[PDB]
file my_file23.cif (mmCIF, N, CA, C and O atoms)
data_structure
#
loop_
_atom_site.label_atom_id
_atom_site.label_comp_id
_atom_site.auth_asym_id
_atom_site.auth_seq_id
_atom_site.Cartn_x
_atom_site.Cartn_y
_atom_site.Cartn_z
N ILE A 1 114.67 26.66 52.88
CA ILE A 1 115.46 25.54 53.36
C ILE A 1 116.25 24.94 52.19
O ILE A 1 115.69 24.69 51.12
N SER A 2 117.53 24.73 52.43
CA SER A 2 118.40 24.17 51.41
C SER A 2 119.11 22.93 51.95
O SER A 2 119.08 22.66 53.15
N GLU A 3 119.72 22.19 51.04
CA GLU A 3 120.43 20.98 51.40
C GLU A 3 121.76 21.33 52.08
O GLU A 3 122.79 21.45 51.42
N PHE A 4 121.70 21.47 53.40
CA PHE A 4 122.88 21.80 54.17
C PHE A 4 122.63 21.61 55.67
O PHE A 4 121.50 21.35 56.08
N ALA A 5 123.70 21.75 56.44
CA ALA A 5 123.60 21.60 57.88
C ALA A 5 123.28 20.14 58.22
O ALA A 5 122.87 19.38 57.35
N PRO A 6 123.47 19.80 59.52
CA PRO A 6 123.20 18.44 59.98
C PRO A 6 121.70 18.19 60.10
O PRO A 6 120.92 19.13 60.29
N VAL A 7 121.33 16.93 59.98
CA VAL A 7 119.93 16.54 60.08
C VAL A 7 119.67 15.89 61.44
O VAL A 7 120.59 15.38 62.07
N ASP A 8 118.41 15.94 61.85
CA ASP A 8 118.02 15.37 63.13
C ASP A 8 117.21 14.10 62.88
O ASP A 8 117.05 13.67 61.74
N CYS A 9 116.71 13.53 63.97
CA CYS A 9 115.91 12.32 63.89
C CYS A 9 114.86 12.36 65.00
O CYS A 9 113.67 12.16 64.74
N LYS A 10 115.33 12.62 66.21
CA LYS A 10 114.44 12.69 67.35
C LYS A 10 113.21 13.53 66.99
O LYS A 10 112.08 13.05 67.09
N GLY A 11 113.46 14.76 66.58
CA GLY A 11 112.39 15.66 66.20
C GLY A 11 111.63 15.13 64.98
O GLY A 11 110.41 15.27 64.89
N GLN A 12 112.39 14.54 64.07
CA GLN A 12 111.80 13.99 62.86
C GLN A 12 111.22 12.60 63.13
O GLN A 12 111.62 11.62 62.51
N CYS A 13 110.28 12.56 64.06
CA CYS A 13 109.64 11.31 64.43
C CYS A 13 108.31 11.64 65.13
O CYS A 13 108.04 11.12 66.21
N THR A 14 107.53 12.49 64.48
CA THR A 14 106.25 12.89 65.02
C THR A 14 105.12 12.06 64.40
O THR A 14 104.17 11.68 65.08
N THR A 15 105.27 11.80 63.10
CA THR A 15 104.28 11.02 62.38
C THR A 15 104.24 9.59 62.90
O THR A 15 103.17 9.05 63.17
N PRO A 16 105.46 8.99 63.02
CA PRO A 16 105.58 7.62 63.50
C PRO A 16 105.35 7.55 65.01
O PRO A 16 105.11 6.48 65.56
N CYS A 17 105.44 8.71 65.65
CA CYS A 17 105.25 8.80 67.09
C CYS A 17 104.06 9.72 67.36
O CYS A 17 103.99 10.35 68.41
N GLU A 18 103.15 9.76 66.40
CA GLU A 18 101.97 10.59 66.52
C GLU A 18 100.96 9.94 67.48
O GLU A 18 100.48 10.58 68.40
N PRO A 19 100.67 8.64 67.21
CA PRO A 19 99.74 7.89 68.03
C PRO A 19 100.37 7.51 69.37
O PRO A 19 99.68 7.41 70.39
N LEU A 20 101.68 7.31 69.34
CA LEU A 20 102.41 6.94 70.54
C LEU A 20 102.34 8.09 71.54
O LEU A 20 101.79 7.93 72.63
N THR A 21 102.91 9.22 71.15
CA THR A 21 102.91 10.40 72.00
C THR A 21 101.52 10.64 72.59
O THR A 21 101.38 10.85 73.79
N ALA A 22 100.53 10.60 71.71
CA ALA A 22 99.15 10.81 72.13
C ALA A 22 98.79 9.80 73.21
O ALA A 22 98.01 10.10 74.12
N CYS A 23 99.38 8.61 73.09
CA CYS A 23 99.12 7.55 74.05
C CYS A 23 99.73 7.97 75.39
O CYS A 23 99.05 7.96 76.42
N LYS A 24 101.01 8.32 75.35
CA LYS A 24 101.71 8.74 76.55
C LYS A 24 100.98 9.93 77.18
O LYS A 24 100.73 9.94 78.38
N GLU A 25 100.65 10.89 76.33
CA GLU A 25 99.95 12.08 76.79
C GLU A 25 98.65 11.70 77.49
O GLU A 25 98.52 11.86 78.70
N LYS A 26 97.72 11.19 76.69
CA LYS A 26 96.42 10.78 77.22
C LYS A 26 96.62 10.09 78.57
O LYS A 26 95.87 10.33 79.51
N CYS A 27 97.64 9.24 78.61
CA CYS A 27 97.95 8.51 79.83
C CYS A 27 98.43 9.52 80.89
O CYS A 27 97.88 9.57 81.99
N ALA A 28 99.44 10.29 80.51
CA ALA A 28 99.99 11.29 81.41
C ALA A 28 98.85 11.97 82.17
O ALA A 28 98.95 12.18 83.38
N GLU A 29 97.80 12.30 81.43
CA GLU A 29 96.65 12.95 82.02
C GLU A 29 95.97 12.03 83.04
O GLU A 29 95.79 12.40 84.20
N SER A 30 95.62 10.84 82.56
CA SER A 30 94.98 9.85 83.41
C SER A 30 95.89 9.49 84.59
O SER A 30 95.41 9.05 85.64
N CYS A 31 97.18 9.70 84.38
CA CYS A 31 98.16 9.40 85.41
C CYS A 31 98.69 10.73 85.96
O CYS A 31 99.90 10.93 86.04
N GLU A 32 97.76 11.59 86.33
CA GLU A 32 98.12 12.89 86.87
C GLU A 32 98.47 12.77 88.36
O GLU A 32 97.67 12.28 89.15
N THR A 33 99.67 13.23 88.69
CA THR A 33 100.14 13.17 90.06
C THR A 33 99.84 11.80 90.68
O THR A 33 99.62 11.69 91.88
N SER A 34 99.84 10.79 89.82
CA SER A 34 99.57 9.43 90.26
C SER A 34 100.83 8.83 90.89
O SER A 34 101.95 9.21 90.54
N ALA A 35 100.60 7.90 91.80
CA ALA A 35 101.70 7.24 92.49
C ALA A 35 102.65 6.63 91.45
O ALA A 35 102.29 5.68 90.76
N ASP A 36 103.84 7.21 91.37
CA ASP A 36 104.84 6.73 90.42
C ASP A 36 104.34 6.97 89.00
O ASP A 36 104.08 6.02 88.26
N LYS A 37 104.22 8.24 88.65
CA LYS A 37 103.75 8.61 87.32
C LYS A 37 104.40 7.69 86.29
O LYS A 37 103.70 7.02 85.53
N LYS A 38 105.72 7.69 86.28
CA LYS A 38 106.47 6.86 85.35
C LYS A 38 105.80 5.49 85.25
O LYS A 38 105.23 5.15 84.21
N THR A 39 105.88 4.74 86.33
CA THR A 39 105.29 3.41 86.38
C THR A 39 103.90 3.43 85.74
O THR A 39 103.63 2.68 84.81
N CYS A 40 103.05 4.29 86.29
CA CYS A 40 101.69 4.41 85.79
C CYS A 40 101.74 4.48 84.26
O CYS A 40 101.25 3.58 83.58
N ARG A 41 102.35 5.55 83.77
CA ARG A 41 102.47 5.74 82.33
C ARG A 41 103.03 4.48 81.67
O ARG A 41 102.48 3.99 80.69
N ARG A 42 104.13 4.00 82.24
CA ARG A 42 104.77 2.80 81.72
C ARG A 42 103.73 1.71 81.45
O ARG A 42 103.70 1.12 80.37
N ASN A 43 102.90 1.47 82.46
CA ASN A 43 101.86 0.46 82.35
C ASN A 43 100.86 0.88 81.27
O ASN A 43 100.38 0.04 80.51
N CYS A 44 100.58 2.18 81.23
CA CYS A 44 99.65 2.72 80.26
C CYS A 44 100.26 2.56 78.87
O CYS A 44 99.55 2.54 77.87
N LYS A 45 101.58 2.45 78.85
CA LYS A 45 102.30 2.29 77.59
C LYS A 45 102.09 0.87 77.06
O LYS A 45 102.31 0.61 75.88
N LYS A 46 101.66 -0.01 77.96
CA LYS A 46 101.41 -1.39 77.60
C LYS A 46 99.93 -1.57 77.26
O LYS A 46 99.56 -2.48 76.52
N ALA A 47 99.12 -0.69 77.83
CA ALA A 47 97.69 -0.74 77.60
C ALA A 47 97.42 -0.92 76.11
O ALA A 47 96.81 -1.90 75.69
N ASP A 48 97.87 0.06 75.34
CA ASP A 48 97.69 0.03 73.90
C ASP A 48 98.68 0.98 73.24
O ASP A 48 98.33 1.71 72.30
N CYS A 49 99.91 0.96 73.74
CA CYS A 49 100.95 1.82 73.21
C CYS A 49 102.18 0.95 72.91
O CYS A 49 103.30 1.44 72.89
N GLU A 50 101.91 -0.33 72.68
CA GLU A 50 102.98 -1.27 72.38
C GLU A 50 103.41 -1.13 70.92
O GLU A 50 104.60 -1.02 70.63
N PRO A 51 102.39 -1.15 70.02
CA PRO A 51 102.65 -1.03 68.59
C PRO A 51 103.01 0.41 68.22
O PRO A 51 103.88 0.65 67.38
N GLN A 52 102.32 1.34 68.86
CA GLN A 52 102.55 2.76 68.61
C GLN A 52 104.00 3.12 68.94
O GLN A 52 104.67 3.80 68.15
N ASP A 53 104.45 2.66 70.10
CA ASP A 53 105.81 2.93 70.54
C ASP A 53 106.79 2.33 69.53
O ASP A 53 107.80 2.95 69.20
N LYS A 54 106.47 1.12 69.09
CA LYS A 54 107.31 0.43 68.13
C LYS A 54 107.50 1.30 66.89
O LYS A 54 108.63 1.58 66.49
N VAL A 55 106.38 1.72 66.33
CA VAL A 55 106.41 2.56 65.14
C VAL A 55 107.42 3.69 65.35
O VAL A 55 108.09 4.12 64.40
N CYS A 56 107.50 4.15 66.59
CA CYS A 56 108.42 5.22 66.93
C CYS A 56 109.85 4.74 66.66
O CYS A 56 110.54 5.29 65.80
N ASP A 57 110.25 3.73 67.41
CA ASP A 57 111.58 3.16 67.26
C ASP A 57 111.92 3.05 65.78
O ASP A 57 112.95 3.55 65.33
N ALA A 58 111.03 2.39 65.05
CA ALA A 58 111.22 2.21 63.62
C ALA A 58 111.75 3.51 63.01
O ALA A 58 112.76 3.51 62.32
N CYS A 59 111.03 4.58 63.29
CA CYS A 59 111.41 5.89 62.77
C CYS A 59 112.86 6.15 63.16
O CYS A 59 113.70 6.40 62.29
N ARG A 60 113.12 6.09 64.46
CA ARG A 60 114.46 6.31 64.97
C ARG A 60 115.45 5.34 64.32
O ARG A 60 116.63 5.66 64.16
N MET A 61 114.93 4.18 63.96
CA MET A 61 115.75 3.15 63.33
C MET A 61 116.02 3.49 61.86
O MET A 61 117.16 3.41 61.40
N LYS A 62 114.95 3.86 61.17
CA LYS A 62 115.06 4.21 59.77
C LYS A 62 115.87 5.50 59.62
O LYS A 62 116.88 5.53 58.92
N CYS A 63 115.39 6.54 60.30
CA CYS A 63 116.06 7.83 60.25
C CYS A 63 117.57 7.59 60.38
O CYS A 63 118.35 8.13 59.60
N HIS A 64 117.93 6.79 61.37
CA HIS A 64 119.33 6.48 61.61
C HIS A 64 120.01 6.14 60.29
O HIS A 64 121.07 6.69 59.97
N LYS A 65 119.38 5.24 59.54
CA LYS A 65 119.92 4.83 58.26
C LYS A 65 119.70 5.95 57.23
O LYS A 65 120.65 6.38 56.57
N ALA A 66 118.46 6.38 57.14
CA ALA A 66 118.10 7.44 56.21
C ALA A 66 119.15 8.55 56.29
O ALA A 66 119.61 9.05 55.26
N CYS A 67 119.49 8.91 57.52
CA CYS A 67 120.47 9.96 57.75
C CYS A 67 121.78 9.54 57.08
O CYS A 67 122.27 10.23 56.19
N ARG A 68 122.31 8.42 57.54
CA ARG A 68 123.56 7.90 57.00
C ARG A 68 123.56 8.01 55.47
O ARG A 68 124.42 8.67 54.89
N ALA A 69 122.58 7.36 54.86
CA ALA A 69 122.46 7.38 53.41
C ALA A 69 122.30 8.82 52.94
O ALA A 69 122.75 9.17 51.84
N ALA A 70 121.66 9.62 53.78
CA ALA A 70 121.44 11.02 53.46
C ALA A 70 122.74 11.80 53.63
O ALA A 70 123.57 11.85 52.72
N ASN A 71 122.90 12.38 54.82
CA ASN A 71 124.09 13.15 55.12
C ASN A 71 125.31 12.43 54.55
O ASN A 71 125.89 12.88 53.56
N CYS A 72 125.68 11.33 55.19
CA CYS A 72 126.82 10.55 54.76
C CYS A 72 126.46 9.85 53.45
O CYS A 72 125.30 9.89 53.02
N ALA A 73 127.46 9.23 52.85
CA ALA A 73 127.26 8.52 51.60
C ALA A 73 128.57 7.86 51.17
O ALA A 73 128.59 6.68 50.80
N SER A 74 129.64 8.64 51.24
CA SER A 74 130.95 8.14 50.87
C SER A 74 131.63 7.49 52.08
O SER A 74 132.39 6.53 51.93
N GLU A 75 131.32 8.03 53.25
CA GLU A 75 131.89 7.51 54.49
C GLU A 75 131.24 6.17 54.84
O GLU A 75 131.75 5.43 55.69
N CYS A 76 130.13 5.89 54.18
CA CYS A 76 129.41 4.65 54.41
C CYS A 76 128.90 4.12 53.07
O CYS A 76 127.97 4.68 52.49
N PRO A 77 129.56 3.03 52.60
CA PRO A 77 129.18 2.42 51.33
C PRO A 77 127.88 1.63 51.47
O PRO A 77 127.21 1.70 52.50
N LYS A 78 127.55 0.90 50.41
CA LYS A 78 126.34 0.10 50.40
C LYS A 78 126.37 -0.88 51.57
O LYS A 78 125.56 -0.78 52.49
N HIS A 79 127.31 -1.81 51.50
CA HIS A 79 127.46 -2.80 52.55
C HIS A 79 128.72 -2.52 53.36
O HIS A 79 129.82 -2.48 52.80
N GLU A 80 128.53 -2.34 54.65
CA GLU A 80 129.65 -2.06 55.54
C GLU A 80 129.58 -2.95 56.78
O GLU A 80 128.83 -3.92 56.81
N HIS A 81 130.36 -2.58 57.79
CA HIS A 81 130.39 -3.33 59.03
C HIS A 81 130.93 -2.44 60.15
O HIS A 81 132.05 -2.65 60.63
N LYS A 82 130.12 -1.47 60.54
CA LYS A 82 130.51 -0.55 61.60
C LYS A 82 131.82 0.13 61.22
O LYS A 82 132.81 0.03 61.94
N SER A 83 131.78 0.83 60.09
CA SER A 83 132.95 1.53 59.60
C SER A 83 133.27 2.71 60.53
O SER A 83 132.37 3.40 60.99
N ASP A 84 134.56 2.90 60.76
CA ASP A 84 135.02 3.99 61.62
C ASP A 84 134.70 5.33 60.95
O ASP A 84 134.05 6.19 61.54
N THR A 85 135.18 5.46 59.72
CA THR A 85 134.96 6.68 58.96
C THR A 85 133.46 6.99 58.88
O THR A 85 133.07 8.13 58.63
N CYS A 86 132.66 5.96 59.09
CA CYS A 86 131.22 6.11 59.04
C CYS A 86 130.75 6.69 60.38
O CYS A 86 130.19 7.79 60.42
N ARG A 87 130.99 5.93 61.43
CA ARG A 87 130.60 6.35 62.77
C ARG A 87 131.12 7.76 63.05
O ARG A 87 130.54 8.49 63.85
N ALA A 88 132.21 8.10 62.38
CA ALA A 88 132.82 9.41 62.55
C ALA A 88 132.04 10.44 61.73
O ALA A 88 131.87 11.58 62.15
N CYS A 89 131.58 9.99 60.57
CA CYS A 89 130.82 10.86 59.68
C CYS A 89 129.45 11.12 60.31
O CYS A 89 129.06 12.27 60.51
N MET A 90 128.77 10.03 60.62
CA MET A 90 127.45 10.12 61.23
C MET A 90 127.52 10.83 62.58
O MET A 90 126.56 11.48 62.99
N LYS A 91 128.66 10.68 63.23
CA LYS A 91 128.87 11.30 64.53
C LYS A 91 128.78 12.82 64.38
O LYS A 91 128.12 13.49 65.17
N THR A 92 129.47 13.32 63.37
CA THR A 92 129.48 14.75 63.11
C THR A 92 128.23 15.16 62.32
O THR A 92 127.46 16.01 62.77
N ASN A 93 128.07 14.54 61.16
CA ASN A 93 126.93 14.83 60.31
C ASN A 93 125.64 14.57 61.09
O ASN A 93 124.89 15.49 61.38
N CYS A 94 125.42 13.30 61.40
CA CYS A 94 124.24 12.90 62.13
C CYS A 94 124.39 13.36 63.58
O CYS A 94 124.60 12.55 64.48
N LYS A 95 124.29 14.67 63.77
CA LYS A 95 124.41 15.25 65.09
C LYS A 95 123.67 14.38 66.10
O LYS A 95 124.12 14.20 67.23
#

call {"tool": "encode", "arguments": {"input": "my_file23.cif", "output": "structure tokens"}}
result
Amino acid sequence: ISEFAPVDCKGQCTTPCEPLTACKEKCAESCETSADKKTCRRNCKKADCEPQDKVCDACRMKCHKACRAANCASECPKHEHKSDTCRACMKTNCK
């Protein structure tokens, strides 16, 4: 692996979404063919998947930046304000 190609984030969120996913999963099981799986799970997501889920977002939130600072760099300076050349860079770079 070398420093090239676009980077991801969704996939790069297993550690921060390790306990979360497990939460959804474990629930998914307990909510097998249950009336309104979604709802069920959703509620199960509140059981004790509130903080876990958050940790996930964080990842998606950080990665978002990490990527920018990573892939991009010139298209996005230190302090910006929704730069076009940035959103365009991250758009392509940050697939």

call {"tool": "atom_distance", "arguments": {"input": "my_file23.cif", "atom1": "atom CA of residue 82 of chain A", "atom2": "atom CA of residue 69 of chain A"}}
result
14.0 Å

call {"tool": "resolve_selection", "arguments": {"input": "my_file23.cif", "expression": "the PyMOL selection byres (((chain A and resi 10 and name CA) around 12) and name CA)", "output": "JSON list (two decimals) with N, CA, C and O atoms, keeping the file's coordinate frame"}}
result
[["chain", "number", "residue", "atom", "x", "y", "z"],
["A", 7, "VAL", "N", 121.33, 16.93, 59.98],
["A", 7, "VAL", "CA", 119.93, 16.54, 60.08],
["A", 7, "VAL", "C", 119.67, 15.89, 61.44],
["A", 7, "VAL", "O", 120.59, 15.38, 62.07],
["A", 8, "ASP", "N", 118.41, 15.94, 61.85],
["A", 8, "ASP", "CA", 118.02, 15.37, 63.13],
["A", 8, "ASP", "C", 117.21, 14.10, 62.88],
["A", 8, "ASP", "O", 117.05, 13.67, 61.74],
["A", 9, "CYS", "N", 116.71, 13.53, 63.97],
["A", 9, "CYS", "CA", 115.91, 12.32, 63.89],
["A", 9, "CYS", "C", 114.86, 12.36, 65.00],
["A", 9, "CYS", "O", 113.67, 12.16, 64.74],
["A", 11, "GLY", "N", 113.46, 14.76, 66.58],
["A", 11, "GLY", "CA", 112.39, 15.66, 66.20],
["A", 11, "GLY", "C", 111.63, 15.13, 64.98],
["A", 11, "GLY", "O", 110.41, 15.27, 64.89],
["A", 12, "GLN", "N", 112.39, 14.54, 64.07],
["A", 12, "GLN", "CA", 111.80, 13.99, 62.86],
["A", 12, "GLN", "C", 111.22, 12.60, 63.13],
["A", 12, "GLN", "O", 111.62, 11.62, 62.51],
["A", 13, "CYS", "N", 110.28, 12.56, 64.06],
["A", 13, "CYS", "CA", 109.64, 11.31, 64.43],
["A", 13, "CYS", "C", 108.31, 11.64, 65.13],
["A", 13, "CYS", "O", 108.04, 11.12, 66.21],
["A", 14, "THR", "N", 107.53, 12.49, 64.48],
["A", 14, "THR", "CA", 106.25, 12.89, 65.02],
["A", 14, "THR", "C", 105.12, 12.06, 64.40],
["A", 14, "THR", "O", 104.17, 11.68, 65.08],
["A", 15, "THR", "N", 105.27, 11.80, 63.10],
["A", 15, "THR", "CA", 104.28, 11.02, 62.38],
["A", 15, "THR", "C", 104.24, 9.59, 62.90],
["A", 15, "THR", "O", 103.17, 9.05, 63.17],
["A", 16, "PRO", "N", 105.46, 8.99, 63.02],
["A", 16, "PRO", "CA", 105.58, 7.62, 63.50],
["A", 16, "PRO", "C", 105.35, 7.55, 65.01],
["A", 16, "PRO", "O", 105.11, 6.48, 65.56],
["A", 17, "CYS", "N", 105.44, 8.71, 65.65],
["A", 17, "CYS", "CA", 105.25, 8.80, 67.09],
["A", 17, "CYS", "C", 104.06, 9.72, 67.36],
["A", 17, "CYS", "O", 103.99, 10.35, 68.41],
["A", 56, "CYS", "N", 107.50, 4.15, 66.59],
["A", 56, "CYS", "CA", 108.42, 5.22, 66.93],
["A", 56, "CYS", "C", 109.85, 4.74, 66.66],
["A", 56, "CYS", "O", 110.54, 5.29, 65.80],
["A", 57, "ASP", "N", 110.25, 3.73, 67.41],
["A", 57, "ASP", "CA", 111.58, 3.16, 67.26],
["A", 57, "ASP", "C", 111.92, 3.05, 65.78],
["A", 57, "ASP", "O", 112.95, 3.55, 65.33],
["A", 58, "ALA", "N", 111.03, 2.39, 65.05],
["A", 58, "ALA", "CA", 111.22, 2.21, 63.62],
["A", 58, "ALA", "C", 111.75, 3.51, 63.01],
["A", 58, "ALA", "O", 112.76, 3.51, 62.32],
["A", 59, "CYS", "N", 111.03, 4.58, 63.29],
["A", 59, "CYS", "CA", 111.41, 5.89, 62.77],
["A", 59, "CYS", "C", 112.86, 6.15, 63.16],
["A", 59, "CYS", "O", 113.70, 6.40, 62.29],
["A", 60, "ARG", "N", 113.12, 6.09, 64.46],
["A", 60, "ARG", "CA", 114.46, 6.31, 64.97],
["A", 60, "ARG", "C", 115.45, 5.34, 64.32],
["A", 60, "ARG", "O", 116.63, 5.66, 64.16],
["A", 61, "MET", "N", 114.93, 4.18, 63.96],
["A", 61, "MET", "CA", 115.75, 3.15, 63.33],
["A", 61, "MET", "C", 116.02, 3.49, 61.86],
["A", 61, "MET", "O", 117.16, 3.41, 61.40],
["A", 62, "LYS", "N", 114.95, 3.86, 61.17],
["A", 62, "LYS", "CA", 115.06, 4.21, 59.77],
["A", 62, "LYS", "C", 115.87, 5.50, 59.62],
["A", 62, "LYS", "O", 116.88, 5.53, 58.92],
["A", 63, "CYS", "N", 115.39, 6.54, 60.30],
["A", 63, "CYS", "CA", 116.06, 7.83, 60.25],
["A", 63, "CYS", "C", 117.57, 7.59, 60.38],
["A", 63, "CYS", "O", 118.35, 8.13, 59.60],
["A", 64, "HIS", "N", 117.93, 6.79, 61.37],
["A", 64, "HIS", "CA", 119.33, 6.48, 61.61],
["A", 64, "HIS", "C", 120.01, 6.14, 60.29],
["A", 64, "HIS", "O", 121.07, 6.69, 59.97],
["A", 67, "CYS", "N", 119.49, 8.91, 57.52],
["A", 67, "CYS", "CA", 120.47, 9.96, 57.75],
["A", 67, "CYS", "C", 121.78, 9.54, 57.08],
["A", 67, "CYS", "O", 122.27, 10.23, 56.19],
["A", 94, "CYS", "N", 125.42, 13.30, 61.40],
["A", 94, "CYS", "CA", 124.24, 12.90, 62.13],
["A", 94, "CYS", "C", 124.39, 13.36, 63.58],
["A", 94, "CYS", "O", 124.60, 12.55, 64.48],
["A", 95, "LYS", "N", 124.29, 14.67, 63.77],
["A", 95, "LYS", "CA", 124.41, 15.25, 65.09],
["A", 95, "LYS", "C", 123.67, 14.38, 66.10],
["A", 95, "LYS", "O", 124.12, 14.20, 67.23]]

call {"tool": "closest_residue", "arguments": {"input": "my_file23.cif", "among": "A:52, A:74, A:43, A:83", "to": "residue 20 of chain A", "atoms": "only C-alpha atoms"}}
result
A:52

call {"tool": "atom_distance", "arguments": {"input": "my_file23.cif", "atom1": "atom CA of residue 55 of chain A", "atom2": "atom CA of residue 68 of chain A"}}
result
19.7 Å

call {"tool": "select_by_dssp", "arguments": {"input": "my_file23.cif", "residues": "chain A", "states": "helix (DSSP H, G or I)", "output": "VMD selection string"}}
result
chain A and resid 18 to 30 37 to 48 50 to 70 84 to 92

call {"tool": "atom_distance", "arguments": {"input": "my_file23.cif", "atom1": "atom CA of residue 51 of chain A", "atom2": "atom CA of residue 28 of chain A"}}
result
18.0 Å

call {"tool": "residues_around", "arguments": {"input": "my_file23.cif", "residues": "segment 89-93 of chain A", "least_positions_apart": "4", "cutoff": "6 Å", "atoms": "all atoms listed in the file", "output": "PyMOL selection string"}}
result
chain A and resi 5-7+84-85

call {"tool": "axis_aligned_box", "arguments": {"input": "my_file23.cif", "around": "segment 4-9 of chain A", "padding_each_side": "3 Å", "output": "lines of an AutoDock Vina configuration file"}}
result
center_x = 118.7
center_y = 17.0
center_z = 59.2
size_x = 16.0
size_y = 15.6
size_z = 17.6
